[PDB]
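K.L.:
Have a peek at data12.cif (mmCIF, C-alpha atoms).
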```cif
data_target
#
loop_
_atom_site.group_PDB
_atom_site.id
_atom_site.type_symbol
_atom_site.label_atom_id
_atom_site.label_comp_id
_atom_site.auth_asym_id
_atom_site.auth_seq_id
_atom_site.Cartn_x
_atom_site.Cartn_y
_atom_site.Cartn_z
ATOM 1 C CA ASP P 97 0.000 0.000 0.000
ATOM 2 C CA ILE P 98 2.357 2.671 -1.291
ATOM 3 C CA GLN P 99 -0.366 5.224 -0.602
ATOM 4 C CA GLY P 100 -0.189 4.912 3.176
ATOM 5 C CA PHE P 101 3.595 5.046 3.025
ATOM 6 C CA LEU P 102 3.386 8.240 0.967
ATOM 7 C CA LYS P 103 0.898 9.866 3.320
ATOM 8 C CA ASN P 104 2.692 9.005 6.554
ATOM 9 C CA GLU P 105 5.867 10.238 4.876
ATOM 10 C CA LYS P 106 4.316 13.599 4.003
ATOM 11 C CA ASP P 107 2.859 13.926 7.494
ATOM 12 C CA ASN P 108 6.142 13.171 9.254
ATOM 13 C CA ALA P 109 7.795 15.543 6.783
ATOM 14 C CA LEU P 110 5.485 18.324 7.920
ATOM 15 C CA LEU P 111 6.119 17.396 11.556
ATOM 16 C CA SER P 112 9.887 17.520 11.142
ATOM 17 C CA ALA P 113 9.646 20.774 9.189
ATOM 18 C CA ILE P 114 7.651 22.373 11.984
ATOM 19 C CA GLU P 115 9.849 20.965 14.755
ATOM 20 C CA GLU P 116 12.948 22.250 12.976
ATOM 21 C CA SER P 117 11.439 25.675 12.344
ATOM 22 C CA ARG P 118 10.499 25.698 16.029
ATOM 23 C CA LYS P 119 13.993 24.819 17.231
ATOM 24 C CA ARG P 120 15.435 27.413 14.848
ATOM 25 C CA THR P 121 13.119 30.082 16.230
ATOM 26 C CA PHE P 122 14.012 29.041 19.781
ATOM 27 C CA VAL P 123 17.739 29.288 19.056
ATOM 28 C CA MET P 124 17.161 32.665 17.416
ATOM 29 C CA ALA P 125 15.327 33.786 20.546
ATOM 30 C CA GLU P 126 18.132 32.548 22.784
ATOM 31 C CA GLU P 127 20.879 34.194 20.732
ATOM 32 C CA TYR P 128 19.006 37.481 20.347
ATOM 33 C CA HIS P 129 18.346 37.542 24.086
ATOM 34 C CA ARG P 130 22.054 36.817 24.527
ATOM 35 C CA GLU P 131 23.163 39.780 22.434
ATOM 36 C CA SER P 132 20.634 41.858 24.366
ATOM 37 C CA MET P 133 22.062 40.686 27.684
ATOM 38 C CA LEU P 134 25.519 41.550 26.362
ATOM 39 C CA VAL P 135 24.562 45.095 25.341
ATOM 40 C CA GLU P 136 22.607 45.913 28.500
ATOM 41 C CA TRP P 137 25.369 44.195 30.463
ATOM 42 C CA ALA N 1092 -34.575 15.698 27.849
ATOM 43 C CA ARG N 1093 -35.489 12.708 25.681
ATOM 44 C CA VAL N 1094 -39.168 13.105 26.589
ATOM 45 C CA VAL N 1095 -39.437 16.809 25.800
ATOM 46 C CA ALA N 1096 -37.521 16.145 22.585
ATOM 47 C CA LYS N 1097 -40.072 13.488 21.630
ATOM 48 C CA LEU N 1098 -42.971 15.865 22.319
ATOM 49 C CA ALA N 1099 -41.247 18.496 20.193
ATOM 50 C CA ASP N 1100 -40.934 15.858 17.471
ATOM 51 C CA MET N 1101 -44.488 14.471 17.590
ATOM 52 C CA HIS N 1102 -46.302 15.286 14.352
ATOM 53 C CA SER N 1103 -49.568 16.518 15.789
ATOM 54 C CA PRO N 1104 -51.974 19.424 15.234
ATOM 55 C CA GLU N 1105 -51.943 20.109 18.984
ATOM 56 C CA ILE N 1106 -48.197 20.789 19.349
ATOM 57 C CA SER N 1107 -47.778 24.074 17.497
ATOM 58 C CA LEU N 1108 -44.446 25.480 16.371
ATOM 59 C CA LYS N 1109 -44.174 27.678 19.472
ATOM 60 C CA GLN N 1110 -44.594 24.818 21.927
ATOM 61 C CA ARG N 1111 -42.195 22.855 19.729
ATOM 62 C CA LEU N 1112 -39.522 25.525 20.162
ATOM 63 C CA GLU N 1113 -40.170 25.772 23.904
ATOM 64 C CA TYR N 1114 -39.948 21.998 24.357
ATOM 65 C CA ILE N 1115 -36.695 22.208 22.403
ATOM 66 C CA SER N 1116 -35.331 24.920 24.695
ATOM 67 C CA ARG N 1117 -36.228 22.714 27.653
ATOM 68 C CA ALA N 1118 -34.303 19.920 25.917
ATOM 69 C CA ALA N 1133 -22.329 9.899 22.509
ATOM 70 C CA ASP N 1134 -23.621 13.357 23.416
ATOM 71 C CA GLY N 1135 -21.693 15.490 20.922
ATOM 72 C CA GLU N 1136 -23.429 14.084 17.855
ATOM 73 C CA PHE N 1137 -26.725 14.610 19.687
ATOM 74 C CA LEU N 1138 -25.870 18.280 20.144
ATOM 75 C CA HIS N 1139 -24.851 18.648 16.497
ATOM 76 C CA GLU N 1140 -28.082 16.957 15.428
ATOM 77 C CA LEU N 1141 -30.130 19.312 17.596
ATOM 78 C CA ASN C 1088 -22.003 -0.714 -19.955
ATOM 79 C CA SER C 1089 -18.275 -0.370 -20.628
ATOM 80 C CA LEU C 1090 -17.739 0.189 -16.902
ATOM 81 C CA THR C 1091 -15.964 -3.001 -15.817
ATOM 82 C CA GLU C 1092 -13.724 -2.862 -18.892
ATOM 83 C CA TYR C 1093 -12.469 0.666 -18.226
ATOM 84 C CA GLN C 1094 -12.147 -0.223 -14.544
ATOM 85 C CA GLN C 1095 -9.880 -3.199 -15.180
ATOM 86 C CA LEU C 1096 -7.873 -1.226 -17.738
ATOM 87 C CA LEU C 1097 -7.375 1.529 -15.176
ATOM 88 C CA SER C 1098 -6.234 -1.078 -12.663
ATOM 89 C CA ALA C 1099 -3.745 -2.138 -15.326
ATOM 90 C CA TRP C 1100 -2.394 1.348 -15.990
ATOM 91 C CA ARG C 1101 -2.212 1.830 -12.224
ATOM 92 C CA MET C 1102 -0.229 -1.310 -11.441
ATOM 93 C CA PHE C 1103 1.955 -0.575 -14.464
ATOM 94 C CA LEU C 1104 2.866 2.944 -13.385
ATOM 95 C CA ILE C 1105 3.401 1.684 -9.838
ATOM 96 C CA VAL C 1106 5.844 -1.062 -10.758
ATOM 97 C CA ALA C 1107 7.416 1.516 -13.052
ATOM 98 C CA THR C 1108 8.059 4.151 -10.388
ATOM 99 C CA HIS C 1109 9.404 1.468 -8.052
ATOM 100 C CA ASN C 1110 12.132 0.704 -10.624
ATOM 101 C CA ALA C 1111 12.046 3.767 -12.881
ATOM 102 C CA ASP C 1112 15.378 2.900 -14.524
ATOM 103 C CA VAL C 1113 14.182 -0.545 -15.623
ATOM 104 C CA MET C 1114 11.090 1.162 -17.022
ATOM 105 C CA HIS C 1115 13.341 4.003 -18.228
ATOM 106 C CA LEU C 1116 10.942 6.163 -16.194
ATOM 107 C CA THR C 1117 13.547 8.871 -15.695
ATOM 108 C CA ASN C 1118 11.746 11.446 -17.841
ATOM 109 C CA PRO C 1119 10.589 14.243 -15.512
ATOM 110 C CA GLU C 1120 8.499 15.537 -18.405
ATOM 111 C CA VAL C 1121 6.739 12.167 -18.527
ATOM 112 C CA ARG C 1122 6.641 12.071 -14.729
ATOM 113 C CA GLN C 1123 4.864 15.428 -14.628
ATOM 114 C CA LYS C 1124 2.534 14.452 -17.463
ATOM 115 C CA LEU C 1125 1.553 11.319 -15.543
ATOM 116 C CA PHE C 1126 1.085 13.187 -12.270
ATOM 117 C CA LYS C 1127 -1.045 15.928 -13.832
ATOM 118 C CA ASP C 1128 -3.128 13.440 -15.804
ATOM 119 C CA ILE C 1129 -3.849 11.215 -12.808
ATOM 120 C CA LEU C 1130 -4.714 14.276 -10.738
ATOM 121 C CA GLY C 1131 -7.115 15.703 -13.309
ATOM 122 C CA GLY C 1132 -8.599 12.253 -13.736
ATOM 123 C CA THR C 1133 -9.278 11.946 -10.032
ATOM 124 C CA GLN C 1134 -10.822 15.404 -10.307
ATOM 125 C CA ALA C 1135 -13.208 14.795 -13.198
ATOM 126 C CA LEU C 1136 -14.203 11.456 -11.695
ATOM 127 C CA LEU C 1137 -14.883 12.988 -8.281
ATOM 128 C CA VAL C 1138 -16.946 15.772 -9.857
ATOM 129 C CA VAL C 1139 -19.952 13.583 -10.771
ATOM 130 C CA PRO C 1140 -22.660 14.055 -8.100
ATOM 131 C CA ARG C 1141 -24.747 10.924 -8.604
ATOM 132 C CA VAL C 1143 -20.740 4.581 -6.100
ATOM 133 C CA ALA C 1144 -18.511 3.549 -8.994
ATOM 134 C CA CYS C 1145 -16.977 7.011 -9.370
ATOM 135 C CA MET C 1146 -16.137 6.862 -5.665
ATOM 136 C CA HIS C 1147 -14.089 3.657 -5.823
ATOM 137 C CA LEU C 1148 -12.458 4.736 -9.076
ATOM 138 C CA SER C 1149 -11.388 8.101 -7.684
ATOM 139 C CA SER C 1150 -10.183 6.378 -4.525
ATOM 140 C CA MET C 1151 -7.880 4.120 -6.514
ATOM 141 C CA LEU C 1152 -6.680 7.117 -8.513
ATOM 142 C CA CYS C 1153 -6.100 8.909 -5.217
ATOM 143 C CA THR C 1154 -3.939 6.207 -3.669
ATOM 144 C CA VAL C 1155 -1.994 6.187 -6.924
ATOM 145 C CA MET C 1156 -1.524 9.954 -7.091
ATOM 146 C CA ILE C 1157 -0.455 10.029 -3.449
ATOM 147 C CA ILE C 1158 2.277 7.424 -3.806
ATOM 148 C CA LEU C 1159 3.302 9.014 -7.096
ATOM 149 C CA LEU C 1160 3.648 12.522 -5.711
ATOM 150 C CA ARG C 1161 5.619 11.134 -2.777
ATOM 151 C CA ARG C 1162 8.075 9.380 -5.079
ATOM 152 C CA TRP C 1163 8.300 12.130 -7.721
ATOM 153 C CA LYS C 1164 8.171 15.170 -5.431
ATOM 154 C CA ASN C 1165 11.557 16.385 -6.674
ATOM 155 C CA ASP C 1166 10.302 16.056 -10.252
ATOM 156 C CA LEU C 1167 6.908 17.615 -9.468
ATOM 157 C CA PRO C 1170 1.060 25.043 -9.308
ATOM 158 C CA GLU C 1171 -1.650 27.694 -9.115
ATOM 159 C CA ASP C 1172 -4.033 25.879 -11.448
ATOM 160 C CA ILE C 1173 -3.420 22.736 -9.410
ATOM 161 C CA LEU C 1174 -4.415 24.776 -6.372
ATOM 162 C CA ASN C 1175 -7.683 25.928 -7.939
ATOM 163 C CA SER C 1176 -8.402 22.392 -9.106
ATOM 164 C CA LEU C 1177 -7.770 20.768 -5.736
ATOM 165 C CA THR C 1178 -9.914 23.569 -4.329
ATOM 166 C CA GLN C 1179 -12.905 22.670 -6.486
ATOM 167 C CA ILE C 1180 -12.168 19.020 -5.732
ATOM 168 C CA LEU C 1181 -12.245 19.534 -1.974
ATOM 169 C CA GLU C 1182 -15.408 21.559 -2.553
ATOM 170 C CA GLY C 1183 -17.123 18.600 -4.168
ATOM 171 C CA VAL C 1184 -15.682 16.334 -1.484
ATOM 172 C CA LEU C 1185 -17.425 18.590 1.033
ATOM 173 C CA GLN C 1186 -20.817 18.492 -0.685
ATOM 174 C CA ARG C 1187 -20.549 14.695 -0.384
ATOM 175 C CA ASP C 1188 -22.000 12.435 2.265
ATOM 176 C CA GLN C 1189 -19.372 12.175 4.982
ATOM 177 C CA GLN C 1190 -19.227 8.417 5.555
ATOM 178 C CA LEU C 1191 -17.695 7.843 2.109
ATOM 179 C CA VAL C 1192 -15.617 10.999 1.538
ATOM 180 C CA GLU C 1193 -13.158 10.733 4.448
ATOM 181 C CA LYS C 1194 -10.251 9.128 2.595
ATOM 182 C CA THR C 1195 -10.856 11.504 -0.308
ATOM 183 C CA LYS C 1196 -10.676 14.490 2.026
ATOM 184 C CA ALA C 1197 -7.430 13.215 3.536
ATOM 185 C CA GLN C 1198 -5.968 12.652 0.083
ATOM 186 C CA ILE C 1199 -6.982 16.069 -1.245
ATOM 187 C CA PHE C 1200 -5.577 17.621 1.918
ATOM 188 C CA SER C 1201 -2.180 15.965 1.612
ATOM 189 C CA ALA C 1202 -2.253 17.009 -2.042
ATOM 190 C CA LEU C 1203 -2.872 20.653 -1.194
ATOM 191 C CA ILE C 1204 -0.143 20.427 1.441
ATOM 192 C CA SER C 1205 2.264 19.223 -1.218
ATOM 193 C CA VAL C 1206 1.064 22.055 -3.454
ATOM 194 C CA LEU C 1207 1.908 24.671 -0.832
ATOM 195 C CA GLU C 1208 5.115 22.972 0.294
ATOM 196 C CA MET C 1209 6.175 22.863 -3.364
ATOM 197 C CA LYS C 1210 6.701 26.635 -3.310
ATOM 198 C CA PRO C 1211 6.391 29.074 -0.377
ATOM 199 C CA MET C 1212 3.508 31.377 -1.303
ATOM 200 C CA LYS C 1213 1.910 34.378 0.355
ATOM 201 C CA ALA C 1214 -1.847 34.606 0.836
ATOM 202 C CA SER C 1215 -2.037 37.136 -2.004
ATOM 203 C CA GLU C 1216 -0.950 34.585 -4.622
ATOM 204 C CA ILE C 1217 -3.449 31.956 -3.396
ATOM 205 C CA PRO C 1218 -6.677 32.188 -5.431
ATOM 206 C CA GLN C 1219 -9.773 32.095 -3.218
ATOM 207 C CA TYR C 1220 -7.460 31.866 -0.198
ATOM 208 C CA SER C 1221 -10.385 33.225 1.783
ATOM 209 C CA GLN C 1222 -12.604 30.402 0.540
ATOM 210 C CA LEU C 1223 -9.788 27.885 0.934
ATOM 211 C CA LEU C 1224 -9.250 28.660 4.603
ATOM 212 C CA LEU C 1225 -13.017 28.836 5.041
ATOM 213 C CA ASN C 1226 -13.462 25.290 3.800
ATOM 214 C CA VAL C 1227 -10.464 24.084 5.766
ATOM 215 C CA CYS C 1228 -12.061 25.562 8.865
ATOM 216 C CA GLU C 1229 -15.450 24.026 8.146
ATOM 217 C CA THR C 1230 -13.993 20.570 7.643
ATOM 218 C CA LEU C 1231 -11.767 20.963 10.672
ATOM 219 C CA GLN C 1232 -14.690 21.974 12.865
ATOM 220 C CA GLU C 1233 -16.927 19.148 11.713
ATOM 221 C CA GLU C 1234 -14.368 16.361 11.862
ATOM 222 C CA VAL C 1235 -12.969 17.667 15.132
ATOM 223 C CA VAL C 1236 -16.322 17.712 16.880
ATOM 224 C CA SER C 1237 -16.809 14.234 15.482
ATOM 225 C CA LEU C 1238 -13.524 12.945 16.854
ATOM 226 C CA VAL C 1239 -14.412 14.634 20.121
ATOM 227 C CA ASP C 1240 -17.640 12.691 20.418
ATOM 228 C CA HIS C 1241 -15.839 9.534 19.322
ATOM 229 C CA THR C 1242 -13.160 9.848 21.981
ATOM 230 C CA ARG C 1243 -15.809 10.737 24.562
ATOM 231 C CA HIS C 1244 -17.892 7.633 23.848
ATOM 232 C CA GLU C 1245 -14.755 5.519 24.377
ATOM 233 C CA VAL C 1246 -15.128 5.911 28.153
ATOM 234 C CA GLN C 1268 -10.755 3.433 14.506
ATOM 235 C CA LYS C 1269 -8.687 4.858 17.354
ATOM 236 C CA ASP C 1270 -5.706 5.956 15.264
ATOM 237 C CA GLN C 1271 -7.336 7.154 12.034
ATOM 238 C CA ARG C 1272 -9.400 9.903 13.660
ATOM 239 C CA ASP C 1273 -6.355 11.263 15.490
ATOM 240 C CA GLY C 1274 -4.372 10.978 12.274
ATOM 241 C CA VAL C 1275 -6.865 13.093 10.359
ATOM 242 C CA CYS C 1276 -6.957 15.482 13.308
ATOM 243 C CA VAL C 1277 -3.205 16.058 13.499
ATOM 244 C CA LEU C 1278 -3.272 16.310 9.719
ATOM 245 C CA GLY C 1279 -5.770 19.160 9.625
ATOM 246 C CA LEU C 1280 -3.927 20.750 12.519
ATOM 247 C CA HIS C 1281 -0.608 20.943 10.706
ATOM 248 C CA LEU C 1282 -2.528 22.028 7.616
ATOM 249 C CA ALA C 1283 -4.086 25.024 9.330
ATOM 250 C CA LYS C 1284 -0.749 25.717 10.988
ATOM 251 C CA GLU C 1285 0.881 26.125 7.597
ATOM 252 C CA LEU C 1286 -2.090 28.095 6.284
ATOM 253 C CA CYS C 1287 -1.718 30.546 9.155
ATOM 254 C CA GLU C 1288 2.045 30.631 8.644
ATOM 255 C CA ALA C 1289 1.132 31.882 5.186
ATOM 256 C CA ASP C 1290 -0.978 34.651 6.789
ATOM 257 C CA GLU C 1291 1.355 36.519 9.132
ATOM 258 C CA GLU C 1292 -1.059 39.417 9.704
ATOM 259 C CA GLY C 1293 -3.923 37.193 10.861
ATOM 260 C CA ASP C 1294 -6.526 39.659 9.577
ATOM 261 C CA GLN C 1295 -8.175 36.927 7.544
ATOM 262 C CA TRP C 1296 -7.431 34.538 10.396
ATOM 263 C CA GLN C 1297 -9.066 37.146 12.608
ATOM 264 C CA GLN C 1298 -12.243 37.232 10.536
ATOM 265 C CA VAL C 1299 -12.197 33.441 10.640
ATOM 266 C CA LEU C 1300 -11.802 33.010 14.395
ATOM 267 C CA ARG C 1301 -14.494 35.661 14.731
ATOM 268 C CA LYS C 1302 -16.797 33.561 12.576
ATOM 269 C CA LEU C 1303 -16.050 30.310 14.422
ATOM 270 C CA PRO C 1304 -15.627 29.500 18.133
ATOM 271 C CA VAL C 1305 -12.922 26.998 17.230
ATOM 272 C CA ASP Y 1191 -39.662 26.899 -4.931
ATOM 273 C CA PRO Y 1192 -43.418 26.962 -5.716
ATOM 274 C CA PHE Y 1193 -43.970 30.283 -3.926
ATOM 275 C CA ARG Y 1194 -40.601 31.465 -5.300
ATOM 276 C CA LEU Y 1195 -39.206 32.384 -1.880
ATOM 277 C CA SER Y 1196 -35.725 33.261 -3.124
ATOM 278 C CA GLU Y 1197 -34.406 34.189 0.322
ATOM 279 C CA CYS Y 1198 -35.833 30.945 1.676
ATOM 280 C CA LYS Y 1199 -34.109 28.837 -0.981
ATOM 281 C CA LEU Y 1200 -30.865 30.675 -0.236
ATOM 282 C CA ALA Y 1201 -31.155 29.815 3.453
ATOM 283 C CA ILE Y 1202 -32.115 26.224 2.608
ATOM 284 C CA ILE Y 1203 -29.213 25.466 0.283
ATOM 285 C CA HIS Y 1204 -27.016 27.218 2.851
ATOM 286 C CA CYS Y 1205 -28.212 24.692 5.420
ATOM 287 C CA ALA Y 1206 -27.686 21.973 2.793
ATOM 288 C CA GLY Y 1207 -24.116 23.063 2.049
ATOM 289 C CA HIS Y 1208 -24.856 22.952 -1.671
ATOM 290 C CA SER Y 1209 -22.813 25.415 -3.742
ATOM 291 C CA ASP Y 1210 -24.103 26.551 -7.142
ATOM 292 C CA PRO Y 1211 -22.687 29.939 -8.192
ATOM 293 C CA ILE Y 1212 -25.101 31.115 -10.892
ATOM 294 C CA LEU Y 1213 -28.007 29.727 -8.879
ATOM 295 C CA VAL Y 1214 -26.890 31.890 -5.958
ATOM 296 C CA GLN Y 1215 -26.663 34.811 -8.361
ATOM 297 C CA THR Y 1216 -30.261 34.165 -9.352
ATOM 298 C CA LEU Y 1217 -31.386 33.845 -5.746
ATOM 299 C CA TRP Y 1218 -29.931 37.211 -4.760
ATOM 300 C CA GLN Y 1219 -31.189 38.830 -7.965
ATOM 301 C CA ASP Y 1220 -34.671 37.421 -7.390
ATOM 302 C CA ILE Y 1221 -34.694 38.750 -3.843
ATOM 303 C CA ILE Y 1222 -33.693 42.170 -5.175
ATOM 304 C CA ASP Y 1223 -36.190 42.362 -8.037
ATOM 305 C CA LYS Y 1224 -39.151 40.826 -6.191
ATOM 306 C CA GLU Y 1225 -38.649 43.240 -3.300
ATOM 307 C CA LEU Y 1226 -38.286 46.166 -5.690
ATOM 308 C CA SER Y 1227 -41.656 44.973 -6.954
ATOM 309 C CA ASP Y 1228 -43.470 44.508 -3.646
ATOM 310 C CA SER Y 1229 -43.107 48.239 -2.910
ATOM 311 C CA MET Y 1230 -44.091 49.611 -6.356
ATOM 312 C CA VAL Y 1235 -36.901 55.483 -3.942
ATOM 313 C CA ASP Y 1236 -39.327 53.030 -2.353
ATOM 314 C CA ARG Y 1237 -38.277 50.328 -4.820
ATOM 315 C CA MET Y 1238 -34.575 50.571 -3.967
ATOM 316 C CA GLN Y 1239 -35.543 50.745 -0.292
ATOM 317 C CA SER Y 1240 -37.482 47.482 -0.665
#
```
Go ahead and render the structure in this file as structure tokens.

P.N.:
Amino acid sequence: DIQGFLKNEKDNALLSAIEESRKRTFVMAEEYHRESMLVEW
Amino acid sequence: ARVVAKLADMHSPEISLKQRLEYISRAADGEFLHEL
Amino acid sequence: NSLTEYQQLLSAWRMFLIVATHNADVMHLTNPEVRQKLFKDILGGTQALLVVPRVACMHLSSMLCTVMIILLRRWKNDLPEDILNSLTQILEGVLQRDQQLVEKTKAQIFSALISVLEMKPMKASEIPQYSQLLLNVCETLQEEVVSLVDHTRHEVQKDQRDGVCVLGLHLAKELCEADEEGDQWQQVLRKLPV
Amino acid sequence: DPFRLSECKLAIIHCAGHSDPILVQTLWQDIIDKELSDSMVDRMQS
């Protein structure tokens, strides 16, 4: 049933894409806050 | 609730539209709510 | 009266293209032009078949759907606006359908649209009927979600409901990620106590 | 349909989730023209 394989693949692809975008945003938040701490510091 | 719903649903010349609406207002659950 | 004949012949073309994509080199199925022709043709076929209002068309389009899904998954790198409008009308017809038979078709059309948006990052302005698109997505989400809610509540068919749920969730997530201003999202959430 | 209640048919097909573009056009247009009739400025107000 190549269909189910395809669909689960696309779904997990979306999930990984969102998790990665999330981690990237989180790291951006951390680093921006870090530069902010450095300036105010 | 079931009873008042049944009275609201009874095809009868005595239960006018107004009493139907009132019996409704006085009236596995989620599909029941969507149906209503 | 030619129904069973065309049905079997479609089963043949299906199995043929499947065994082809699994070993494209042996089939010499390297041609991305041919790959795209096949994908577009199977899509439009699923469309025209799913457009007829009045059971055969259902099963036929379902086979075509499984095919198109596996095919898009394998040929993604070879794989848009007109496709968007078409899948829009298709999901529209899938909505005007009785629910108990249109589930798999909705899931297929949804994954298709997801592939259509993931194929190229687009802003809401380039999405035709984006308002109507999100509207329908919201309607389907609301209905199916309330349904899954009642289904989980009566449990005081487990995985498929949650699958469709998470699916629509990520779908709307991406749709909102396309609308950074939320103004349309605002009108939506104002229309629906989601 | 028999009494040609355009607004009513619009509400009905809305409750039925049926989508027919030109039919909806006709429903709105029928509402407009029939109202413009039933008050034969007063027409546009109707």

K.L.:
Select, as a short mmCIF file (atom, residue, chain, number, x, y, z; two decimals) with C-alpha atoms, keeping the file's coordinate frame, those residues of chain C with any atom no more than 12 Å from chain Y (distances computed using only C-alpha atoms).

P.N.:
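So the final result, stored in iface38.cif, reads:
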```cif
data_model
loop_
_atom_site.label_atom_id
_atom_site.label_comp_id
_atom_site.auth_asym_id
_atom_site.auth_seq_id
_atom_site.Cartn_x
_atom_site.Cartn_y
_atom_site.Cartn_z
CA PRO C 1140 -22.66 14.06 -8.10
CA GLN C 1179 -12.90 22.67 -6.49
CA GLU C 1182 -15.41 21.56 -2.55
CA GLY C 1183 -17.12 18.60 -4.17
CA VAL C 1184 -15.68 16.33 -1.48
CA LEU C 1185 -17.42 18.59 1.03
CA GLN C 1186 -20.82 18.49 -0.68
CA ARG C 1187 -20.55 14.70 -0.38
CA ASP C 1188 -22.00 12.44 2.26
CA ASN C 1226 -13.46 25.29 3.80
CA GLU C 1229 -15.45 24.03 8.15
CA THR C 1230 -13.99 20.57 7.64
#
```

K.L.:
Output as JSON the centre and edge lengths (Å, one decimal) of the box along x, y and z of the file that holds every listed atom of range 1207-1218 of chain Y after adding 3 Å on each side.

P.N.:
```
{"center_x": -27.0, "center_y": 30.1, "center_z": -4.4, "size_x": 14.7, "size_y": 20.3, "size_z": 18.9}
```

K.L.:
Please, which residues are within 12 Å of (-44.8, 22.4, 21.4) by the file's coordinates, counting all atoms listed in the file, and could they come as a count of residues only?

P.N.:
24

K.L.:
Find the residues around range 1212-1218 of chain Y up to 9 Å (all atoms listed in the file counted), leave out those fewer than 6 positions away in its own chain, and share them as a PyMOL selection string.

P.N.:
chain Y and resi 1195-1197+1199-1200

K.L.:
So which residues touch range 1196-1200 of chain C within 7 Å, counting all atoms listed in the file, skipping near sequence neighbours fewer than 2 positions away, as a ChimeraX atom specification?

P.N.:
/C:1153,1177,1181,1184,1192-1194,1202-1204,1275

K.L.:
So how many Å separate CA of residue 1157 in chain C and CA of residue 102 in chain P, to one decimal?

P.N.:
6.1 Å

K.L.:
Could you list the residues in chain N lying within 8 Å of chain C, using all atoms listed in the file, and format the result as an MDAnalysis selection string?

P.N.:
chainID N and resid 1133:1136

K.L.:
So how many Å separate CA of residue 1099 in chain C and CA of residue 1206 in chain C, to one decimal?

P.N.:
27.4 Å

K.L.:
If the cut-off is 10 Å, can you tell me the residues of chain C near chain P, counting only C-alpha atoms? I'd like them as a list in words.

P.N.:
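Listed by rising number, the hits are residues 1105, 1109, 1151, 1153, 1154, 1155, 1156, 1157, 1158, 1159, 1160, 1161, 1162, 1197, 1198, 1201, 1202, 1204, 1205, 1208, 1274, 1277, 1278, 1281, 1282, 1284 and 1285 of chain C.
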
K.L.:
Interatomic distance between CA of residue 1295 in chain C and CA of residue 1214 in chain C?

P.N.:
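CA of residue 1214 in chain C lies at a distance of 9.5 Å from CA of residue 1295 in chain C.
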
K.L.:
For residue 1224 in chain Y, find every residue with an atom within 9 Å (counting all atoms listed in the file), except residues of its own chain fewer than 4 positions away, and show them as a ChimeraX atom specification.

P.N.:
/Y:1196,1219-1220,1228,1240
